[PDB]
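Right, one structure below, let's go through it.
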RNA sequence: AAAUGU
RNA sequence: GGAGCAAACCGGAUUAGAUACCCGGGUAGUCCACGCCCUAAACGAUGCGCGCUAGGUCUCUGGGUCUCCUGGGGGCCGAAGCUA
RNA sequence: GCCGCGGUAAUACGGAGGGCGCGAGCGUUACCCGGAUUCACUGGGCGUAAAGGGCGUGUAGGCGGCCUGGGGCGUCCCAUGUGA
Ligand SMILES: [Mg+2]
Ligand SMILES: [Mg+2]
Ligand SMILES: [Mg+2]
Ligand SMILES: [Mg+2]
Ligand SMILES: [Mg+2]
Ligand SMILES: [Mg+2]
Ligand SMILES: [Mg+2]
Ligand SMILES: [Mg+2]
Ligand SMILES: [Mg+2]
Ligand SMILES: [Mg+2]
Ligand SMILES: [Mg+2]
Ligand SMILES: [Mg+2]
Ligand SMILES: [Mg+2]
Ligand SMILES: [Mg+2]
Ligand SMILES: [Mg+2]
Ligand SMILES: [Mg+2]
Ligand SMILES: [Mg+2]
Ligand SMILES: [Mg+2]
Ligand SMILES: [Mg+2]
Ligand SMILES: [Mg+2]
Ligand SMILES: [Mg+2]
Ligand SMILES: [Mg+2]
Ligand SMILES: [Mg+2]
Ligand SMILES: [Mg+2]
Ligand SMILES: [Mg+2]
Ligand SMILES: [Mg+2]
Ligand SMILES: [Mg+2]
Ligand SMILES: [Mg+2]
Ligand SMILES: [Mg+2]
Ligand SMILES: [Mg+2]
Ligand SMILES: [Mg+2]
Ligand SMILES: [Mg+2]
Ligand SMILES: [Mg+2]
Ligand SMILES: [Mg+2]
Ligand SMILES: [Mg+2]
Ligand SMILES: [Mg+2]
Ligand SMILES: [Mg+2]
Ligand SMILES: [Zn+2]
């Protein structure tokens, strides 16, 4: 079935009269390595419940990843908040040339050959949320003409 | 037949609002007289035509429609209808999560059923006079906010709105769940966020009762037997 | 005044699209024309009609889009996901036939003024020309 | 020069048998059998989750520790590979495998590549009739590797040459067991050996 | 009227 | 030119001290002409011109077959969009 | 090297055992490029983070609406020489 993977765990902390209380955050990727990837973000009183509910939340925002043999149909670049991701295809036998956040996705959607750069704020959270939105905006030579027609 | 023509559209179902409006409500507008915005009914029916062309197929394959309307202008009208269609409804006041957290609120109707299992059951007297009323008090509220929601045991496949402005909450909940949205809407709200629309007066009982009473008849006419005219023009007018 | 009319055209569209309208009117030229045209020939638009407004000529440009999607925000995908001026009066962009775009991997289309006129990346390559890159579209 | 000393610590550490000794690393007890846990005082303790770097690291060394060569010689080949055609990576194994001393291990003239090397270095091995004493020789198709005359005998060859009667030598390989000679036939596709390694990561590693 | 705290 | 006010200055109080705050005095200055100085939270902390992209409400000022429409200003809430 | 370790239980000092990493090499210092999209042409910003000139008028300069011609300067193509 699916293939879970966290890329982010962190410990936030609000404050109360006497002491500081905590909460844990977890960012999990969930893939199929066939073209399906999802991503949700888990926040819970303790660790694994989040991680668990991350993978819960994750299997929502899934996405058609129209591969063209281990790559993307075209180059895309997307901006989330002030974070920026550049997606560029690659001829086979290249590699997944990416940081640790995005490669922990593109693999789980398939992708064996791709070029990337992070630009602006390299914050993983807002970087993750960006990259998804890139895939979601991928379109195939097929997907296009469906639109560039009549009626 | 199945339908209604603009000669019946003579109550109010032409428009009633203006300036308290959304300009998205373009196309389904006719002209502005007496300051009031007025909407052509050629399209109203044309929409109903399209709209009903989705209702029947849905009804006659035994789907489910949830009914929403909290306006005092349209409280009881819907109750009767969704009861007269044996369908679930929300007459009273709408609760967040109800669909998006359906599973959770659903455990509250169980308690209602679980409560009802203590009306004539052999333990009523065997639970103190104090608590006896509290639960009955807990009852009478439970039924109020869950009467027409006690029906259905799973999310519907369309939802009917008397004013999508108000129940935009519900419309958002429904819309997030790919749940078909149908509504009687005037210039109040706005299309787009609607899948099937009844562009007409979404206030003043006339339009409501008219389109709502007849809407039910359409369902039965695909389930079995459009029996005698349900109540309407009582104190209604 | 309008330092750039061509940009104003593109920008007028881009503005119109993001609210999903039928038509988009824009001041006329024989050079704005053979620039649009492609947008119908490549089916980015329905097309246009040379009309006049208040005694003055314009080009009502009719917008294509896509399917009423569903979920929250049912607003359809655009046909024109992106469009931006390249060569400008502030900086004119010329290219040899070689030095020529691969916009969104074939899926996109450049538009250029050349010794034979308003070609595209695909065309200008095959006619063997290149010239003043106007804009990119997808 | 090369690595010398404790080897069986390496069938382990990497956490996977890699048949580095003669018969021992093939006999019930290859430094892992008995103790399939990392070397040193901190052996029988629960590992913590590796870094992605750590993961890539271990995968590279493994491969190198398998072929057993300097990091010097090793990376040249990667960049060489990295520079070449198409797959410009996976081809790597082909370049590793073309090593004389490597081949001789496959040709069963010896059992350890370590044993292989000492032969080539002592020049007990010949190529196309040529006394070739250089374990780095990138051999190619149709090249022929045979024992020299002063060494056709030698106790160490015979039994080492003998025990080969059993298995189908590599597709890219061939052996006149009696004639003491072999032919590099072709470039071993990735298919032609599923090494216990994920070469994808070695690439990922070396692009630091 | 009302200062300060390695 | 100088009424009122008021840095500086003197005095009375407060205070540990009070070259401050509050109080009684008080000179330049504040006002006029001419000539210099050229600063500033000189702020919408937002340079200028043109085009394009929902509406609602309050107002100043024009014109209109004076509802309403339209023009040019001065504010509020806000579509889409922008923004950490 | 930065974040920082040492206050009688230091995986951060010193030695030891063990481990990781290269290997006739391993470290260090100095310097250039990368990472730095941190001078941003490709490829950035200026309401509150550093950044709109206090406000005009205007010289040079940059930029320029709609049509048809001539010129073909830029620009585009081909051929050729040159590019050791
Ligand atoms: Mg930004
Ligand atoms: Mg930064
Ligand atoms: Mg950082
Ligand atoms: Mg290559
Ligand atoms: Mg002191
Ligand atoms: Mg005084
Ligand atoms: Mg005093
Ligand atoms: Mg005193
Ligand atoms: Mg004293
Ligand atoms: Mg005084
Ligand atoms: Mg300033
Ligand atoms: Mg301004
Ligand atoms: Mg200026
Ligand atoms: Mg005026
Ligand atoms: Mg007037
Ligand atoms: Mg105004
Ligand atoms: Mg506002
Ligand atoms: Mg909004
Ligand atoms: Mg001690
Ligand atoms: Mg100690
Ligand atoms: Mg301590
Ligand atoms: Mg240290
Ligand atoms: Mg130490
Ligand atoms: Mg030691
Ligand atoms: Mg040691
Ligand atoms: Mg720039
Ligand atoms: Mg910046
Ligand atoms: Mg600016
Ligand atoms: Mg400040
Ligand atoms: Mg500032
Ligand atoms: Mg200013
Ligand atoms: Mg100025
Ligand atoms: Mg100045
Ligand atoms: Mg000038
Ligand atoms: Mg000029
Ligand atoms: Mg001109
Ligand atoms: Mg030349
Ligand atoms: Zn061993």
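Chains as they are written, first to last, in full-length UniProt numbering: chain A, 5 to 155; chain B, 4 to 240; chain C, 1 to 138; chain D, 2 to 209.
The beta carbon of each residue, even a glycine, is placed where N, CA and C say it ideally should be.
Checking contacts by CB at 7 Å: is residue i closer than that to chain B?
i: residue 5 of chain C; result: no
i: residue 57 of chain C; result: no
i: residue 70 of chain C; result: yes
Return no unless some Cβ of chain A is closer than 7 Å to the Cβ of residue i.
i: residue 107 of chain C; result: yes
i: residue 47 of chain C; result: no
i: residue 212 of chain D; result: Absent from the structure is residue 212 of chain D, since the part of chain D shown begins at 2 and ends at 209.
i: residue 23 of chain D; result: no
i: residue 70 of chain D; result: no
i: residue 126 of chain D; result: no
i: residue 5 of chain D; result: no
i: residue 204 of chain D; result: yes
i: residue 66 of chain C; result: yes
i: residue 96 of chain C; result: no
Rounded to the nearest angstrom, what separates residue i and residue j at their Cα positions?
i: residue 34 of chain C; j: residue 119 of chain C; result: 9 Å
i: residue 10 of chain B; j: residue 180 of chain B; result: 38 Å
i: residue 31 of chain D; j: residue 18 of chain D; result: 7 Å
i: residue 105 of chain D; j: residue 119 of chain D; result: 11 Å
i: residue 8 of chain A; j: residue 144 of chain A; result: 27 Å
i: residue 70 of chain C; j: residue 176 of chain B; result: 13 Å
i: residue 38 of chain C; j: residue 95 of chain B; result: 57 Å
i: residue 183 of chain B; j: residue 161 of chain B; result: 4 Å
i: residue 4 of chain B; j: residue 71 of chain A; result: 52 Å
i: residue 86 of chain C; j: residue 56 of chain C; result: 29 Å
i: residue 156 of chain B; j: residue 150 of chain B; result: 13 Å
i: residue 123 of chain B; j: residue 138 of chain B; result: 14 Å
i: residue 31 of chain C; j: residue 41 of chain C; result: 16 Å
i: residue 51 of chain D; j: residue 84 of chain A; result: 30 Å
i: residue 139 of chain D; j: residue 99 of chain D; result: 5 Å
i: residue 63 of chain C; j: residue 49 of chain D; result: 58 Å
i: residue 146 of chain D; j: residue 140 of chain A; result: 56 Å
i: residue 143 of chain B; j: residue 238 of chain B; result: 26 Å
i: residue 152 of chain D; j: residue 68 of chain D; result: 25 Å
i: residue 108 of chain A; j: residue 44 of chain D; result: 30 Å
Relative to ligand 38, is the shortest distance from any of its heavy atoms to the C-beta of residue i smaller than 6 Å?
i: residue 85 of chain D; result: no
Let me see if you follow: with CB-CB separation under 7 Å, is residue i close to chain D or not?
i: residue 17 of chain A; result: no
i: residue 99 of chain A; result: yes
With a threshold of 7 Å between beta-carbons, can residue i be considered close to chain C, or not?
i: residue 91 of chain A; result: no
i: residue 40 of chain A; result: no
i: residue 148 of chain A; result: yes
i: residue 152 of chain A; result: yes
Regarding residue i and ligand 4, is the C-beta to nearest heavy atom distance less than 6 Å?
i: residue 89 of chain D; result: yes
Ligand 1 and residue i: does the residue's C-beta get closer than 6 Å to at least one heavy atom of that ligand?
i: residue 86 of chain A; result: yes
Return the residues of the region 22-41 of chain C that lie within a Cβ-Cβ distance of less than 7 Å from chain A, sorted by chain order. So the list is empty, because no residue satisfies the distance condition.
What are the residues in the region 179-211 of chain B lying within 8 Å of chain C by C-beta distance? Of all residues in the region 179-211 of chain B, only 179, 181, 195, 196 and 198 come within less than 8 Å of chain C when Cβ atoms are compared, listed by chain position.
Hey, which residues come within less than 5 Å of ligand 38, measuring from Cβ to any heavy atom, in chain order? Output, sorted by chain position: D:9, D:12, D:22, D:26, D:31 and D:32.
Using a Cβ-Cβ cut-off of less than 9 Å, give me the residues of the region 99-133 of chain A that come near chain D, in sequence order. Those would be 99, 100, 101, 104, 107, 108 and 116, in chain order.
According to a CB-to-CB cut-off of less than 7 Å, which residues of the region 141-158 of chain D neighbour chain A? Look at the region 141-158 of chain D: it has no residue with a C-beta under 7 Å from a C-beta of chain A.
With 7 Å as the limit, tell me which residues of the region 73-85 of chain C have their beta carbon closer than that to any beta carbon of chain B; keep them in chain order. From the region 73-85 of chain C, only 74 have a Cβ closer than 7 Å to chain B.
For the region 72-100 of chain D, enumerate the residues whose C-beta is nearer than 7 Å to any C-beta of chain A, in chain order. Result list: 87, 88, 89, 90 and 91.
Along the region 103-136 of chain C, what residues have a CB closer than 8 Å to any CB found in chain A? Taking 8 Å as the Cβ-Cβ cut-off against chain A, the residues of the region 103-136 of chain C that qualify are 104, 105, 106, 107 and 108.
Contact list for the region 166-177 of chain B against chain C, Cβ threshold 9 Å: Only those residues of the region 166-177 of chain B whose C-beta falls short of 9 Å from the nearest C-beta of chain C are listed: 175.
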